[PDB]
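Spelled out, the chains give:
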Amino acid sequence: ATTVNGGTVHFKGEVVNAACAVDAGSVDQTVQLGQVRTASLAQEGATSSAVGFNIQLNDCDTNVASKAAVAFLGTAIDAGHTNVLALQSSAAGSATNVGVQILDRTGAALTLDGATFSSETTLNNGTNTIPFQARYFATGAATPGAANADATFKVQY
Amino acid sequence: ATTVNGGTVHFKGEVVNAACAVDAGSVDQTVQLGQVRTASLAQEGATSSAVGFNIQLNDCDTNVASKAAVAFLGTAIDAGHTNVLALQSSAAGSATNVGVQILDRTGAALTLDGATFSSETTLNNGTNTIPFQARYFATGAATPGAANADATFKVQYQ
Amino acid sequence: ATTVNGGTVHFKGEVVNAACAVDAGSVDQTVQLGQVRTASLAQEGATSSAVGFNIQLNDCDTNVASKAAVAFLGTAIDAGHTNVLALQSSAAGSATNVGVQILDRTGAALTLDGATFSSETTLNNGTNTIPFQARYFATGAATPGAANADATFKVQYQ
Amino acid sequence: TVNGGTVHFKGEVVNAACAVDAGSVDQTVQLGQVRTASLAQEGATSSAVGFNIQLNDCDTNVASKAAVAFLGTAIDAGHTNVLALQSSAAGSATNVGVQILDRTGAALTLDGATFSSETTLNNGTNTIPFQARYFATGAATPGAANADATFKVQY
Amino acid sequence: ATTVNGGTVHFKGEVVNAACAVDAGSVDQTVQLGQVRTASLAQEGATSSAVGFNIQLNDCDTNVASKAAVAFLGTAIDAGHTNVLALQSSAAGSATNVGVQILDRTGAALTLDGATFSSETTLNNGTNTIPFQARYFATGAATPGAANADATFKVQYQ
Amino acid sequence: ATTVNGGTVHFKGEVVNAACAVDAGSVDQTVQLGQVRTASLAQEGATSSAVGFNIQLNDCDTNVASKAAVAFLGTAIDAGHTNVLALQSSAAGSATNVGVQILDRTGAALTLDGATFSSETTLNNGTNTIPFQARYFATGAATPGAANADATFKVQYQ
Amino acid sequence: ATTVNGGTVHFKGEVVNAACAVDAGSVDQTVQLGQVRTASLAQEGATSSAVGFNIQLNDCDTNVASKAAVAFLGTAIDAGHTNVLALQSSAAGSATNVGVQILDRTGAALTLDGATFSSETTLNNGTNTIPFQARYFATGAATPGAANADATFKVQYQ
Amino acid sequence: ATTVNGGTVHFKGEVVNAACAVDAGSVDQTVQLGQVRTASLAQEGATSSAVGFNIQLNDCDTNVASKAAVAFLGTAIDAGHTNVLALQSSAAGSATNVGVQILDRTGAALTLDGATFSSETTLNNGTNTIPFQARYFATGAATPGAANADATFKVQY
Amino acid sequence: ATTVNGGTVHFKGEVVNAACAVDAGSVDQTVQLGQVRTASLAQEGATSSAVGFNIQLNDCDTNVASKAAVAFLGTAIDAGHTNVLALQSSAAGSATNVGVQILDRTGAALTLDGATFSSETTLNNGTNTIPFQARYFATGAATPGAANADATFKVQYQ
Amino acid sequence: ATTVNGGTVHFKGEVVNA
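Rules and cut-offs
- Residues numbered from 1 in each chain as written, not as in the entry; some residues may be left out.
- Chains lettered and ligands numbered in written order.
- Heavy atoms only, no water.
- Helix = DSSP H or I, 4+ residues; strand = E, 2+ residues; numbered from the N terminus.
- Rg over C-alpha atoms; globule rule 2.2 N^0.38 Å.
- Buried < 20%, exposed > 50% of the residue type's maximum accessible area, 1.4 Å probe, protein only.
- Contact = heavy atoms within 4.5 Å.
- Areas by Shrake-Rupley, 256 points an atom, 1.4 Å probe, with all protein chains shown as cover.
- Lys, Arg positive; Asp, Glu negative; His and termini not counted.
- Charge placed at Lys NZ, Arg CZ, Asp CG, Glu CD.
- Salt bridge = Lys/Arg side-chain N within 4 Å of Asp/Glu carboxyl O.
- Disulfide = S-S within 2.5 Å.
- Pairing = 2+ DSSP bridges.
- Buried area = accessible area lost by both parts, 1.4 Å probe.
- UniProt positions renumbered as here; feature names shortened; annotations may be inferred.
- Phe/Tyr/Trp six-rings, centres within 6.5 Å; stacked < 30°, edge-to-face > 60°.

(A) Seen up close, the overall build of chain B. Broken down by element type, chain B carries zero helices and nine strands. For chain B, the α and β elements follow one another from N to C terminus as β-β-β-β-β-β-β-β-β. A globule of 158 residues ought to have a C-alpha radius of gyration of about 15 Å, yet chain B, at 19 Å, is considerably larger. Taken along the three principal axes of its C-alpha coordinates, chain B extends 60 × 55 × 25 Å. Taking all 158 residues of chain B together, the buried fraction comes to 56%. At a minimum sequence separation of 6, the contacts of chain B that also span at least 24 residues come to 83%. Per element, the accessible surface of chain B, about 5600 Å² overall, is 46% carbon and sulfur.

Okay, structure coming up:
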């Protein structure tokens, strides 16, 4: 009997012609690095512990393509330290001289130019997972404050 | 002492005379479906898998309303297929011959006109989670691109 | 001395006027079904083994009620099969013609309508546990892929 | 080479110990929906929803206690603690308003002279919580309800 | 050689000059309190059973600080009872006169103003765990409905 | 009688067109290694004792495939030391200069390339067990801290 | 002196107002039924060997309770065979058409609804032990596979 | 021939710089205390049956540490009962005025503050075992319900 | 009356399409080797005292199969010593450079590969017992500490 | 002939340097 206006719902997605499709929980995600003490990141080039995330693939036809690579794109911190994500947050109250570093499964940072892909990983006829790591890289003295970073990823087959 | 002007806050809500109120996180949600391979939607009629989304009702009183139904309003791709939802991502770059469906409880396509209501669901004296599915529909050859859609929903109580 | 903002915490609960309050572990749970062979799920009517899961009720009262029943509100995969859930994991990657059936303690399928309750279970003072099962069901020829399903359940106290 | 677009920048360079985070300058609070049955009685109040105001780069050396006052449009002289609805569309809900609660669950006077209860500041990022709820001053009527309120911060 | 955009990733952290750092999974945790009966919460001041959570501190350095204490900050229900958090859910559907309150390791309510700290815990040279309890406190006659509470904690090393 | 909203249940599984399926208790399991002494892990290239965990295969058909193998995928700690798991714990308070090694039933480290499968194992009609080991390997001077590694296993049937 | 984090420990238990205390070794005891051949399980009514497992009760007094009975609650495999427990193992690789049947001291089966109770046993001041049996009862042609059957049990005193 | 994604496997452990290492079988465990009677736990200060358990320490060397002890940390009932671990099961259906408490080999209740340590025990050149008991202490008229508790123990050498 | 929740129980078993069924006590057996002296295992090849266990087969049918063979699958310590079980006690404080050997009826060490069966044993109608012996085996020099292993066995009937 | 799986075997013991 009684009817009222409920609301609005938006749906998002992408239709791709690649060999594999990215999962809904992997297209857009957020991860927690956690608090990191400044004492560990005292001098330049220091490194803290690494937290782990992953990107999920689905319906990977090995006949079309057998290997998958991922390359990141973001904002570098300085000319020398190209492989560090700068802290993209509010203008006020943001930590400086320290960034987020992305580690490929081989334990080395990936270039942020957008053309350096990860090591080739083989796929299977079904769901697939490619692992990555996120840690803190100190380019100098670490200052207290928040640290939020955003970076996109591109897949090559 | 050192008083500083800040910013502004906008409260948005709706007063209704019905038997239930839609949840605050439910009135406006962004359901993300991830990516779709073109091989899944290569031919017309092929349907990809679905992602479930649910609408939450609060303070439902069964003494005045026994069941509830939800109708969806949106822009169909064409009169030939009135049970899909055309893409509304941007002016350029959108995919072609693809659209999203809003399946009801019985796993069937809903009519996107605001008139055809879904299968009635009985309520209880409390939270009622009404579920739905969203899946991509192929009207031909699925070209690469994006796929975003918007659909309003109206809640009936009988 | 040193003071640092740590973060925030959230608590989720439900105050109900029923006879038994659902346990925290049973409020939100993730049943693991492992993997099932496409050879074992070949044609319509096929059924693999069932994984058991139970719902726990705490602080039951015998004076106010004596029996308990549950009802699941899920998404029927087909109009001809209203007792089978439909997989909803992502737009691509889920299995086709395969669903998950929820069996009550009487070894019978439950139709997902929100009104057809399960078999009654006698209650006792204190803690009470109600068992169930979940299994895979085949509506045709299976297709390799993932299978994630969600369903809310409604509990009555006669 | 083709033309792109236009990008605007907004913000304030304030001389304070704490600066408001970019996510709190202009934010939207989805109250949800409220049934008229729970608001039919005059003076009845519905349940609240929570929104937070975030302060960044706080210096505990010069500032210790912080508070927030709200400026808005009240419904009536008698009910000065309620905020009237400023919805652009006509046919909005009648005899209803929104109240911004305090840290101690008390209605805030919307005149700009009454501030929130003092909250101790912490080095780095300090968050102060608040709630928004529906206040019915009479017979509620179905319709939309959009309201706006500015906040001024005192240290 | 198909190269396609996959998506985006966000990272959240807080670099601080503190004796110990909070775990990534402990900076923002959700606690499922299950359900509680209106019969149990009927009487004024009735306190239900408490569910336990924990804050995990890592990389502790006993040289710079040996005792750690935290204080919680939230929205109190009323000035009479300042040690009870207020429910923060949609504008309609939440319970009344019932709120989540926090207990330290000494079984006492924590005043929610950001200035009253819990009992100080001695830190080791490694991982430490600070336990806490959350329980439902009734300021009067309870009402059936959901209860979603949020709170913020403030770490202090002394 | 009185009815209330009980809760939500999720079901997770995967259908595979293979010779053998993986047990529900084996698709996602947690292995405890316990504390290890930095005195024993001080020297570079040291090795501690192993903890036994096994992968269960069910409903194997010998006709489809007579031999089975499993390979591991994870983040190598260093390029030169490719056969060692890295640390996947929080970003603070985690032991460095150490990692986790996976040992095949032949007592050899398994390369984490994702294409280096372990030694083949015979299959029999019914439930099968594939054992493995996990141990600590030091790439230098051991440091105090926690350790939480993770590895994705892919099974081959032939 | 070199103090480090050790770990955690969990305590589980229940408090009842009855005249007996159920022992921890019987609250969550596990029984092994061994293996059986499909030759002995070919038609309706075919049985196997029955192993012996006991339920222990201590701290009992004869002043309040003199008789004790045990009622098993579990998932019946079929409506007709209400006294046969099903196979709640992993979703694949389990047996088909074979169930677990719980016996009594007299020799009759026990219904798994929970309302019916077994034969009453006399108690004594101190420690009491109630024996039971478990066997295999095939409802038809037997199939190879695992079988992990779970069932709760309640104790009566009158 | 056929490749199929199986799943994920986690690992958990610690690398501590100490004389002895807590065994993986004792880092975390669940010990059932059975059921108890309100008649037994009727009055304040009552005591139910004690269930025994042990903590195992592997790789113990005596040239760096001779005596070892453990300390427990948990939530007490009140200010007047600081050696009784409280109950943490859910928001309903739990017992009242009764809590789990821990006893060392001597038979004394360990304070749950985390500072007081157990009786010092000598270390042997090999696997060592420290026994403990858990029991129910009633601070009043006990009530029917469940009782779950968690405690955190730390080792001093 | 005064029914209370006693607890829950589990039953583990397996139905096999074979000529023999293993004993319930035999399927899960824990053999203990006792404390040994390092001087007895100081040099490579030295073995400690050998203890004896057995596997019991019930309901053996001579017509279906008149022979019985067993193969043991486990983790080998080294590629050169593939007949020695690796130790799976823990990740620290486990005796190093030693393993356990399972001698068959004739005394020959059994390879851990799944294709290496023991000597064929004549089958008698009804219950049979097949004996095996467990002993230590030290390579190089033995070291103090615990040494525990694990291995599953496949029974072949011919 | 037919090959089927058996149970699990666990070994326990300790080595002492006395």
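There's plenty left to go through after this.
(B) Structural detail: the overall build of chain A. Helix and strand content of chain A: one helix and 10 strands. Helices and strands appear in chain A in the N-to-C order β-β-α-β-β-β-β-β-β-β-β. The C-alpha atoms of chain A give 19 Å as radius of gyration, which overshoots the globular expectation for 157 residues (15 Å, by more than 25%). Classification of the 157 residues of chain A by burial places 56% in the buried group. Of the roughly 5500 Å² of accessible surface on chain A, 48% is carried by carbon and sulfur atoms. Computed over 6 positive and 11 negative side-chain charges, the inter-centroid distance for chain A is 6 Å.

(C) Representation of the arrangement of the chains within the structure. Chain B shows no contact with chain J. Their nearest C-alpha atoms sit 39 Å apart. Across all C-alpha pairs, the smallest distance from chain D to chain J is 55 Å, and the two are not in contact.

(D) Region of the structure containing the pattern of salt bridges. Enumeration according to the criterion identifies 13 salt bridges over all chains in this entry. The partner of F:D59 in a salt bridge is C:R37, with the nearest N and O atoms 2.6 Å apart. Of this pair, F:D59 sits in strand β4 (residues 47-60) while C:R37 sits in strand β3 (residues 28-37), placing the two residues on different chains. Classification of C:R37 as buried rests on a relative accessible area of 8%. Measuring nitrogen to oxygen at the nearest pair gives 3.1 Å for the salt bridge that ties C:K67 to C:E120. Here C:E120 lies in the loop between β6 (98-103) and β7 (121-122) and C:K67 lies in strand β5 (residues 67-73), a separation of 53 residues in the sequence. For C:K67, a relative accessible area of 34% gives the class partly exposed. Among the charged side chains, a network of salt bridges with common partners joins F:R37, H:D59 and H:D61.

(E) Looking closely at the state of the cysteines. Residues and elements named next belong to chain B. The tally for this structure, following the rule as stated, stands at nine disulfides over all chains. A disulfide bridge connects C20 with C60, and the sulfur atoms are separated by 2.0 Å. With the S-S dihedral at roughly 135 degrees, the linkage between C20 and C60 falls on the right-handed side. Taken together, the residues span a long stretch of sequence, with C20 in the loop between β1 (4-16) and β2 (21-22) and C60 in the loop between β4 (47-58) and β5 (67-73) at a distance of 40 residues.

(F) Highlighting the sheet that holds strand β8 (residues 126-138) of chain F. Residue and element names in this part refer to chain F. Ordered by their spatial adjacency, four strands build an open sheet running β2-β4-β8-β6, and the pairing between neighbours is antiparallel. Looking at strand neighbours, the two that pair on one side only are β2 (21-22) and β6 (98-103), the edges of this open sheet. The pairing of β4 with β8 spans 10 bridges and is classified as antiparallel. What sits directly across from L57, in β8, is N128.

(G) Structural detail: the sheet that holds strand β9 (residues 128-138) of chain A. Residues and elements named next belong to chain A. With antiparallel pairing, the four strands of this open sheet are ordered in space as β2-β5-β9-β7. Looking at the sheet topology across the chains shown, the edges are occupied by β2 (21-22) and β7 (98-104). As paired elements, β2 and strand β5 (residues 51-58) share two bridges and run antiparallel to each other. Counted as the bridge partner of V22 is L57 from β5.

(H) Up close: the interface of chain B and chain A. In this assembly, 40 residues from chain B lie in contact with 29 residues from chain A. A combined buried area of about 3300 Å² lies between chain B and chain A, and 51% of that area is made up of carbon and sulfur atoms. When residues of chain B are sorted by the area they lose upon contact with chain A, B:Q32, B:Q35 and B:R37 head the list and together hold 24% of the total. There are one salt bridge connecting chain B and chain A. The partner of A:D61 in a salt bridge is B:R37, and the shortest N-O contact between them spans 2.8 Å.

(I) Here's a closer look at the side chain of E:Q101. Residues and elements named next belong to chain E. Looking at the element boundaries, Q101 is found in strand β6 (residues 98-103). Note on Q101: relative accessible area 2%, which makes it buried. The contacts of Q101, once residues within four sequence positions are left out, are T47, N83, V84, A109, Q133, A134, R135 and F137.

(J) Region of interest: unusual backbone geometry. Here E:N97, not a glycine, exhibits a phi torsion of approximately 60 degrees, which is positive. When you line up the elements, E:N97 lands in the loop between β5 (67-73) and β6. Of note, the phi angle at G:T2 is positive, near 55 degrees, even though the residue is not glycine. Of note, G:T2 is situated in the segment before β1 (4-16). By relative accessible area, which is 49% here, G:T2 ends up partly exposed.

(K) Structural view of the pairing of strand β9 (residues 145-157) of chain E. Counting buried positions over the 13 residues of β9(E) gives 12, a clear majority of the element. In terms of strand pairing, strand β1 (residues 3-16) of chain C meets β9(E) through 12 bridges, oriented antiparallel. Paired with C:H10 across the strands is E:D150, a residue of β9(E).

(L) Seen up close, the pairing of strand β6 (residues 98-103) of chain B. Residue and element names in this part refer to chain B. The buried fraction of β6 is high, at six of six residues. Burial along β6 is two-sided: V98, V100 and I102 and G99, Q101 and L103, pointing in opposite directions, are all buried. By the bridge criterion, six bridges tie β6 to strand β8 (residues 128-138) in an arrangement that is antiparallel. If you follow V100 over to β8, its bridge partner there is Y136.

(M) The environment of B:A65, seen in detail. All names here are of chain B. Its place among the elements puts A65 in the loop between β4 and β5. By relative accessible area, which is 2% here, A65 ends up buried. Sequence-wise, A65 and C20 are 45 residues apart; in three dimensions their C-alpha atoms are separated by 8.8 Å. In contact with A65, other than residues within four places in its own chain, are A19, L123, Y157 and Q158.

(N) Focus on the UniProt feature "disulfide bond" in chain A. Residue and element names in this part refer to chain A. Only sulfur pairs under 2.5 Å apart are read as disulfides, and the UniProt pair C20 and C60, at 2.0 Å, is one of them here. Taken together, the positions of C20 in the loop between β1 (2-16) and β2 and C60 in the loop between β5 and β6 (67-73) put the pair 40 residues apart, joining distant regions of the chain. Residue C60 is classed as buried on the basis of its relative accessible area, which comes to 1%.

(O) Region of interest: the packing of aromatic side chains. Evaluation of the coordinates by the stated rule reveals 37 aromatic pairs over all chains. Pairing A:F72 with A:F132 gives two aromatic rings, centres 5.7 Å apart and planes at 90 degrees, and the pair type is edge-to-face. Within this pair, whereas A:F72 is found in strand β6, its partner A:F132 is found in strand β9, the two being separated by 60 residues in sequence. Pair check on accessibility: A:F72 and A:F132 agree, each one buried. Ring-pair connections join several aromatic residues into one group, and the members of that group are A:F11, B:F53, B:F72, B:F132 and B:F153.

(P) Region of the structure containing the side chain of F:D23. Here F:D23 is to be found in the loop between β2 and α1 (24-27). Of the side chains with opposite charge, I:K12 lies nearest to the buried F:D23, which makes no salt bridge, at 9.5 Å.

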